[PDB]
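Coordinate analysis (summary)
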Amino acid sequence: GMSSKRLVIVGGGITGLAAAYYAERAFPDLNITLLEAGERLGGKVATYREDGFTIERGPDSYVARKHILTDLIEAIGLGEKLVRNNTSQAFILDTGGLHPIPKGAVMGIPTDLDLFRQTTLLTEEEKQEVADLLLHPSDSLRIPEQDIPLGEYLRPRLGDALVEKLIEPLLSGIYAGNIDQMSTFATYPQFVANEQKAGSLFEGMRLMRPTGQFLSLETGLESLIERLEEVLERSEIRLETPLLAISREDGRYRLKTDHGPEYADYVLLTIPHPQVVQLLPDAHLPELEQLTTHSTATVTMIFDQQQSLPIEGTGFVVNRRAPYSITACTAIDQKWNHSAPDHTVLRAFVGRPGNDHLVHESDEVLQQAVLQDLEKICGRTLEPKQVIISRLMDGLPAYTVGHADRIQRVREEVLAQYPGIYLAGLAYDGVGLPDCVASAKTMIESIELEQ
Ligand SMILES: Cc1cc2nc3c(=O)[nH]c(=O)nc-3n(C[C@H](O)[C@H](O)[C@H](O)COP(=O)(O)OP(=O)(O)OC[C@H]3O[C@@H](n4cnc5c(N)ncnc54)[C@H](O)[C@@H]3O)c2cc1C
């Protein structure tokens, strides 16, 4: 039966709850305790579910192709609630107004020049320049052997205008990252693979030429959190119990909390990475000290069903140069059939790296900024019936070239200074829900080798 040894999982978001699920199965004889600092499980995942609404406060969905989360959802009995996103028309907002996303393009890279050059997003001259670059690529281009930033890869092939006006805001989406720092190999390795096969970027994207790509749940993403807790059979969940310190107990660890210590043999930290650095002072973790973040607010406005749709499609992304506080907005009721059946619901995002001060301001200042933006964008006065504001402090890390190797080195240092302490979550192996689930599964698995 039960071993003397104990696993403590720290953080009750998706990474920590997934970790407990997988730990229950991998180690029938190991004791499992989960410490969550706040009043609830779920971390960033939270769903507003009153008055027949199902409106996401944090992540709204996940990439279906990352099927580990689909598999978890099925295994725990939630498969029947899976819904896909509707596709219709999306837009880029810049200083020149609301432009439809150009047709004839894969990830903003033109594959049909005639259709693409109908766009108003670039000037005629910029369009001619994109065409000349695509059809007549320089012999001086070289396929990158080592990883380089996306912007360094893309700018010489496509020019600055297309990268700035279309690709960056398209590919960054609600996350708002900087195209010029993100890794090429870790984000879009198929660009390079296809270029190498087709001999040019334009013909590489043409190999890739063609119900949306995303999954959520009818009962809301928070129902996933709730079901995970429910299917745990022996893990002890302690809410309102932040981990405050880690000390050595002759090979084991003493974990300090407000209500007395927990003793552990294995510790999985799934909490924000700057708390990792502070909790593990004998570990030299500059990689984690230099991993930056920004904060995001979501501001959701519920309107009585509208005769003139405020946005004529699923939503828009905003060019960072334009005079707006919002970085993106979604017509939730257009994108998700289940969320708000008899209403018009808009969800705006606010916050970029190096520019997120609005997120720390009051609800009235945040709301007013979002309202002004939309009233200008939509042409008219808008009178929301209800507003739901959520704030995801330090929520998005900026992964740059060499991240994955830096995280390997962080993990080796932690294992060498604190044997039995493992890390998982959004700082490490990908920001998205499925990446975090995988992060949890792989770290649980690797404890399995070490017993
Ligand atoms: C604005 C925004 C939008 C996003 N949209 C998407 C999306 O559409 N699709 C997608 O796939 N991903 C999205 N993500 C990424 C997604 O949120 C992450 O994949 C996921 O929530 C990370 O979960 P986690 O458990 O690692 O961290 P968190 O959700 O941050 O959970 C950390 C937990 O640890 C707890 N904690 C903190 N300190 C302590 C302590 N000292 N002791 C104990 N517990 C502590 C916290 O209270 C929390 O419960 C989005 C992220 C943001 C910021």
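Residues numbered from 1 in each chain as written, not as in the entry; some residues may be left out. Heavy atoms only, no water. Residues with missing side-chain atoms left out of burial classes, pairs and counts.

- Deposited coordinates in this entry are attributed by the record to X-ray crystallography, at a stated resolution of 2.060 Å.

1. Side note on the layout of surface pockets
- Of the voids in this model, the second largest pocket is the one considered here, and its volume is about 150 Å³.
- Lining of the second largest pocket is provided by 13 residues; of these, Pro137, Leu141, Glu195, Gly199 and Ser200 occupy positions nearest its centre.
- Elements supplying a minimum of two residues to the lining of the second largest pocket: α4 (124–135) and α8 (201–207).
- Each residue belonging to the lining of the second largest pocket can be placed in one class, and the counts come to seven nonpolar, three polar and three charged. (1 Å grid on protein atoms, 1.4 Å probe; cavity = no way out; pocket = protein on both sides within 12 Å on 5 of 7 lines; lining within 4 Å. Points joined across faces, edges and corners; volume = space filled by probe spheres on them. Helix = DSSP H or I, 4+ residues; strand = E, 2+ residues; numbered from the N terminus. Nonpolar A, V, L, I, M, F, W, Y, C, P; charged D, E, K, R; others polar.)

2. Thoughts on the packing of helix α2 (residues 68–75) against helix α15 (residues 433–449)
- For the pair α2 and α15, interaxial distance at closest approach is 8 Å and the crossing angle is 75°. Considering the angle they form, α2 stands roughly perpendicular to α15. Contacts between α2 and α15 pair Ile68, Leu69 and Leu72 from the former with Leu433, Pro434, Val437, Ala438 and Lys441 from the latter.
- Residue composition of the contact of α2 with α15, by class: seven nonpolar, no polar and one charged. (Axes fitted to C-alpha atoms, helices over the stretch in contact; angles between N-to-C directions. Parallel < 35°, antiparallel > 145°, perpendicular 65-115°, else oblique. Contact = heavy atoms within 4.5 Å.)

3. A short note on the packing of helix α1 (residues 14–26) against α2
- Interhelical geometry of α1 versus α2 gives an angle of 60° and a closest axis separation of 13 Å. Classified by the angle their axes make, α1 and α2 are oblique. For α1 against α2, the interelement crossing comes out left-handed. Residue-level contacts link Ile14, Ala18, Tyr21 and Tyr22 of α1 to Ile68, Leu69, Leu72 and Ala75 of α2. (Left-handed = near helix turned anticlockwise from the far one by under 90°.)

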